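S.K.: Those protein sequence lines, which keep their order, are chains C, B and A.
Using the deposited numbering, read the first sequence as starting at 512 and increasing by one per residue.
Using the deposited numbering, the letters of the second sequence correspond one by one to residues 1 to 30, 30A to 30E, 31 to 212.
Using the deposited numbering, the letters of the third sequence correspond one by one to residues 1 to 31, 31A, 32 to 52, 52A, 53 to 82, 82A to 82C, 83 to 217.
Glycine residues also receive a C-beta, built at the ideal position from the N, C-alpha and C atoms.
Okay, here's the structure, questions in a sec.
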Amino acid sequence: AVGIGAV
Amino acid sequence: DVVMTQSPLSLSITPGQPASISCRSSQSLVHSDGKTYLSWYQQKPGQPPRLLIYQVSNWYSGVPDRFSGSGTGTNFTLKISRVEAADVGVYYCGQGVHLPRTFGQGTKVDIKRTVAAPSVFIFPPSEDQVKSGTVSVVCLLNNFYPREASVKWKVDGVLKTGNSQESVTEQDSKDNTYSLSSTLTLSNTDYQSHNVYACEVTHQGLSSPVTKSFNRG
Amino acid sequence: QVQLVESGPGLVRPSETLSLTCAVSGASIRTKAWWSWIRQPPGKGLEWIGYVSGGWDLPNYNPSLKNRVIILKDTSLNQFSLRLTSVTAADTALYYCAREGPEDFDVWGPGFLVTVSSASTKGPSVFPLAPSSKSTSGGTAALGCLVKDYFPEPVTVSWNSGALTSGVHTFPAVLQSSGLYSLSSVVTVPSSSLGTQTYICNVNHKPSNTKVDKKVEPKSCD
């Protein structure tokens, strides 16, 4: 999913 | 990495029956936003995967309700309630919450169906092939099940080994059958040194091995 | 309506750098999406290579790639591209460009096969595999096309420019001892049709810029 994990 | 493990790695489904694949992760796929980012993809041969499920139980637009996803935390399960012939292929689970992104190794799904004896054909080389320097005689087994079969090449009655190559298709999306080609390659010198070419097919659906032949010229 | 297409070379020498470009149509690259590259060695699993964001956040790549990957985006041309340095045979695979969106990987490209080898490109020879009357198995006969001595993968085979689809089997290519590939594409067809309908195999090998349309008909004495 886009944006989930670099948060 | 977050290691994803699928089980089983090879799953043969029985018609009229449900089917179940399991996918387990080394860490929880629960994100801090409360959502679980697990996805299920289907890949038919020679094309990219198709997105079936994201967010373990939500269906992607256009995916039929017969595909279902369940699970929590590290345990996830994809079920195909009642299969179609087109549903052969490789199925992958993938987490979209942790970096690096990871996928399962994939579960290969093949269907069980009624046995069928192969339709056998032999193709002698065209004259262009004979002129070309090398010659390829082809023996084709079309539309058989199950996958196991044996092809033997016989030239002028004697078994010939070590010059043949086999290639098998994937389970057909229409009638869930397999097909096989055996190509025998010789020099034109070797090709014209003999007269009769045959392939003898042994298969479960044949009461006796079936031989197809031709005469050179 | 979103479509992505990969383009580039089909052959790269080892230790060189692999460049691949994914063109996106149907949506602007400047959206809330991670434009990603993922590779798959043939007949094996998927390896996630990385992504470039449509916003301003930095790209992230797979640590397994050993700091060989650069993923770039070009808003003006609306495309994104992969540069992978110091390739080896292990980097020979099928490369997919995809869009990781608010759901998950939404859309994938058809896949592009990159082969890492030193060998020289060669176009294929196409020979007809003709049906015969001595070989009729009931009411249907089979005919086909043999595609020999080409490099590298892949070739595409259609029948009657795509009009004929049912009953066609294009077999996996088998690698000869020469280092070249060979495959066969066959089709079953009512033997009655043999008298009236003409059957043409269309072979395409883009790496060698070869396109061959060959009609398969029974022998002149048959």
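#1: With distances taken Cα to Cα, identify the nearest neighbour of B:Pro95 among A:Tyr91, A:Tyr145, A:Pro57, A:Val109.
#2: List the residues of chain A that B:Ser114 touches, going by C-beta distances under 9 angstroms, in chain order.
#3: Which bits of chain C does B:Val92 rub up against, with CB to CB less than 9 angstroms?
#4: Within the continuous alpha helix (DSSP H) that includes B:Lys126, where are the two ends?
#5: Taking B:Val146 and B:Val196 to be in contact with their CB atoms under 8 angstroms, please state how far apart those CB atoms are, rounded to whole angstroms.
#6: Is there a Cβ from chain B that is less than 8 angstroms from the Cβ of A:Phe100?
#7: Going by DSSP in three states, A:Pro61 sits in which element: helix, strand or coil?
#8: Quick one: is A:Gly96 near chain C, going by C-beta distance under 8 angstroms?
#9: Between the Cα of B:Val153 and those of B:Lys169, B:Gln124, B:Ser208, spot the shortest distance and give me the residue it belongs to.
#10: Where do the N-terminal and C-terminal ends of the alpha helix (DSSP H) with A:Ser188 fall, by residue?
#11: Using CA atoms only, rank isn't needed, just tell me which of A:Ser127, A:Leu4, A:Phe122, A:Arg13 is closest to A:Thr82A.
#12: Tell me whether A:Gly174 sits in a helix, a strand or coil according to DSSP, three-state version.
#13: Within the same chain, show all residues whose beta-carbon is closer than 7 angstroms to that of A:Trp47, passing over the 5 residues directly before and after it, in chain order.
#14: If you drop the 5 nearest sequence neighbours on each side, which residues of the same chain put their C-beta closer than 7 angstroms to that of A:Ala136?
#15: For B:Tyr32, go through chain C and note every residue whose CB falls closer than 8 angstroms to its CB, in chain order.
#16: Got a sec: is the Cβ-Cβ distance from A:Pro40 to anything in chain B below 8 angstroms?
#17: How about the stretch 123–134 of chain B and the stretch 158–169 of chain A: do they share at least three Cβ pairs that are nearer than 8 angstroms?
#18: Under DSSP, the alpha helix (DSSP H) around B:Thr184 begins and ends at which residues?
#19: Buried or exposed: where does A:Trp33 fall if 16 or more other Cβ atoms within 10 Å of its Cβ makes it buried?
#20: Near A:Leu80, what residues of its chain come up, given a Cβ to Cβ distance below 6 angstroms and the 5 sequence neighbours on each side ignored?
#21: List the DSSP bridge partners of B:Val3.
#22: Can you tell me whether A:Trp154 sits near the ligand SAH, meaning its C-beta is under 7 angstroms from at least one heavy atom of the ligand?
#23: Under the DSSP definition of a beta bridge, which residues are partnered with B:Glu79?
#24: Helix or strand or just coil, what does DSSP make of A:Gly139?
#25: Measure the alpha-carbon distance for A:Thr165 versus A:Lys31A and round it to whole angstroms.
#26: Hey, A:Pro119 and A:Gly10: beta-carbon distance below 8 angstroms or not?
#27: Quick one: which chain C residues come within Cβ less than 9 angstroms of A:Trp33?
#28: Please report whether the beta-carbon of A:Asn60 lies at a distance below 8 angstroms from any beta-carbon of chain C.
#29: Determine, using beta carbons only, whether B:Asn171 comes closer than 8 angstroms to chain A.
#30: Cα-Cα, which of A:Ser128, A:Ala168, A:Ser112 is closest to A:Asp144?
#31: CA-CA distance, A:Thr110 and A:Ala88?
#32: Quick one: what does DSSP say A:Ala84 is sitting in, helix, strand or coil?
#33: Where does B:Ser177 sit, in a helix, a strand or coil, going by DSSP?
#34: By Cβ distance, which residues of its chain are closer than 6 angstroms to residue 213 of chain B, with the 5 residues on each side in sequence left out?
#35: With DSSP as the reference, label B:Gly101 as helix, strand or coil.
#36: I'd like to know whether the C-beta of B:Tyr140 is nearer than 8 angstroms to at least one C-beta of chain E.
M.R.: Based on what the coordinates show:
#1: A:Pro57
#2: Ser132, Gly133, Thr135, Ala137, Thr183
#3: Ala512, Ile515, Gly516
#4: 122–127
#5: 6 angstroms
#6: yes
#7: helix
#8: yes
#9: B:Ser208
#10: 188–191
#11: A:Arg13
#12: coil
#13: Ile37, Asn60
#14: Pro126, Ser130, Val184, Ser186, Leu189
#15: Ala512, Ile515
#16: no
#17: no
#18: 183–187
#19: buried
#20: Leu20, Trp36, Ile69
#21: Answer is none; B:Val3 lacks a bridge partner.
#22: Judged by which ligands are present, the structure shown has none, so any question about the ligand SAH falls away.
#23: Answer by DSSP bridge pairing: none, since B:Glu79 is not bridged.
#24: strand
#25: 40 angstroms
#26: no
#27: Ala512, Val513, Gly514
#28: no
#29: no
#30: A:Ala168
#31: 7 angstroms
#32: helix
#33: strand
#34: The shown model of chain B, from 1 to 212, leaves out residue 213 of chain B, and the question about it has no answer.
#35: coil
#36: This model lacks chain E altogether, as its protein chains are C, B and A.
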